[PDB]
Peer 1: 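Questions regarding the structure given below will be posed in turn.
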Amino acid sequence: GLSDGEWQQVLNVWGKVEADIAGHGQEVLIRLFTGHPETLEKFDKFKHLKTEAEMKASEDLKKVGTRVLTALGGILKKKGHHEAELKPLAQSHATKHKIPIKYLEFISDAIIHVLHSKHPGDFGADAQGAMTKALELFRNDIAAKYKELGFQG
Ligand code: HEM
């Protein structure tokens, strides 16, 4: 797992997310869908959308982006002791949404990109490596629950 100082860097940048959770959520999702169009096909509510202007205008997209980052913030704040938070998340993503582990890798890279773009002075080289480890931890633990739930992610 991560050191105390690695967790400190992760939570320090996360604090900058809290002042505008929705605005961050929209930027993350738009980065994900533009970099990896196949990922948008998983979102039945808005898989019909084609352009970034449409994505920015979508209220459904902004609300989903808010749920995603709020749930990730909850997990991160647990500093690895997140088994209770991770449980419902694994369950829904292996049954209802069927989200391959590869797509969770794509969104991790999107979050790291957005954080670097909006808060570089709270997200230098070492804080980036710390957030990279925290998100690997997250994916690894979800993949372990996928197996049990019978989803080869
Ligand atoms: C940081 C990683 C992620 C976190 C914390 C996260 C969390 C959530 C949360 C909290 C919800 C709402 C409640 C639920 O259904 O469990 C949700 C919904 C959803 N997520 Fe995930 N998610 C992540 C990644 C992804 C990825 C990478 C995809 C697809 C590429 C995805 C597809 C979906 C879909 C299709 C829904 C339902 C959307 C709707 O209601 O319109 N998620 N996610």
Side-chain angles (χ1 to χ4, degrees), residues 1-2 6-7 9-11 13-18 20-52 54-119 123 127-153:
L2 283 62
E6 286 166 329
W7 287 120
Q9 292 160 303
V10 168
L11 299 177
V13 73
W14 203 259
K16 299 294 187 164
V17 180
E18 315 267 11
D20 181 17
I21 307 273
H24 294 78
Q26 295 179 289
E27 287 176 59
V28 168
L29 283 184
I30 291 173
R31 177 72 186 190
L32 180 62
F33 299 151
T34 64
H36 305 275
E38 64 275 34
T39 68
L40 177 66
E41 297 161 36
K42 292 292 175 166
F43 292 85
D44 290 342
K45 276 195 194 75
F46 51 82
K47 62 174 158 179
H48 63 289
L49 306 184
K50 279 174 144 77
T51 72
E52 159 158 359
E54 287 167 348
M55 282 170 205
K56 304 175 153 198
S58 166
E59 284 306 316
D60 286 353
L61 183 155
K62 185 182 82 154
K63 281 169 71 202
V64 171
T66 303
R67 307 179 178 109
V68 171
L69 297 189
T70 299
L72 187 57
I75 284 151
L76 293 183
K77 286 159 192 174
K78 298 308 284 207
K79 300 188 298 170
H81 301 261
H82 51 230
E83 208 271 350
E85 291 71 16
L86 211 54
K87 252 152 66 75
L89 196 52
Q91 158 104 39
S92 63
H93 291 63
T95 56
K96 192 59 73 29
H97 321 296
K98 305 282 206 213
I99 301 310
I101 294 304
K102 174 163 85 183
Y103 291 4
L104 294 183
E105 197 208 11
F106 301 162
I107 203 171
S108 297
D109 291 356
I111 286 162
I112 291 156
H113 179 84
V114 174
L115 282 185
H116 186 40
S117 173
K118 287 172 83 53
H119 316 289
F123 203 55
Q128 291 166 234
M131 182 54 82
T132 297
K133 284 173 73 166
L135 308 176
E136 285 168 342
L137 183 55
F138 168 69
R139 298 201 303 285
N140 202 73
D141 289 348
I142 290 270
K145 298 285 184 62
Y146 277 7
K147 170 59 171 66
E148 284 167 3
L149 296 158
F151 178 49
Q152 177 53 73

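Remember, it's 1-based here, ligands and their atoms both numbered in the order they're listed. This chain uses plain numbering: 1 for the first residue, then up along the sequence. Heavy-atom basis, side chains included; hydrogens, waters and symmetry copies ignored.
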Peer 1: Can you sort out which atoms of ligand 1 are near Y103, meaning under 4.0 Å from one of its heavy atoms?
Peer 2: 27 (C), 30 (C)

Peer 1: Within the structure, does at least one protein heavy atom fall under 4.0 Å of atom 3 (C) of ligand 1?
Peer 2: yes

Peer 1: Using 30° and 60° as the class limits, which term best fits the ring planes of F151 and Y146: parallel, tilted or perpendicular?
Peer 2: perpendicular

Peer 1: Might you point out which heavy atoms bring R139 and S108 nearest each other, and give the distance in Å?
Peer 2: NH1-OG, 3.2 Å

Peer 1: Backbone or side chain, does any N or O of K45 fall under 3.5 Å from an N or O of ligand 1?
Peer 2: yes

Peer 1: Show me which atoms of ligand 1 lie under 4.0 Å from any heavy atom of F138.
Peer 2: 1 (C), 2 (C)

Peer 1: For atom 33 (C) of ligand 1, which protein heavy atom lies nearest, and how many Å away is it?
Peer 2: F43 CE2, 3.5 Å

Peer 1: Closer than 3.5 angstrom, by distance alone: can the side chain of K145 be matched with the main-chain N or O of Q91 as a donor-acceptor pair?
Peer 2: no

Peer 1: Does a side-chain N-to-carboxylate-O contact under 4.0 Å join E83 and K87?
Peer 2: no

Peer 1: On a heavy-atom basis, which atom in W14 and which in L69 lie closest, and how many Å separate them?
Peer 2: CZ2-O, 3.3 Å

Peer 1: Taking only heavy atoms of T39, which atoms of ligand 1 are found under 4.0 Å from at least one of them?
Peer 2: 30 (C)

Peer 1: Counting no waters, what protein N/O/S atoms lie under 2.8 Å from atom 21 (Fe) of ligand 1?
Peer 2: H93 NE2

Peer 1: Any donor-acceptor pair under 3.5 Å linking the side chain of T70 with the backbone of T66?
Peer 2: yes

Peer 1: Strictly distance-based, threshold 3.5 Å: is any side-chain N or O of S58 a donor or acceptor partner for the main-chain N or O of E54?
Peer 2: no

Peer 1: I need the atoms of ligand 1 closer than 4.0 Å to a non-hydrogen atom of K42, numbered in the order shown.
Peer 2: 35 (C)

Peer 1: Are the side chains of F46 and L40 in contact, using a 4.5 Å heavy-atom criterion?
Peer 2: yes

Peer 1: Is any side-chain heavy atom of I112 closer than 4.5 Å to one of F123?
Peer 2: yes

Peer 1: Any atom of ligand 1 sitting under 4.0 Å from a heavy atom of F106?
Peer 2: no

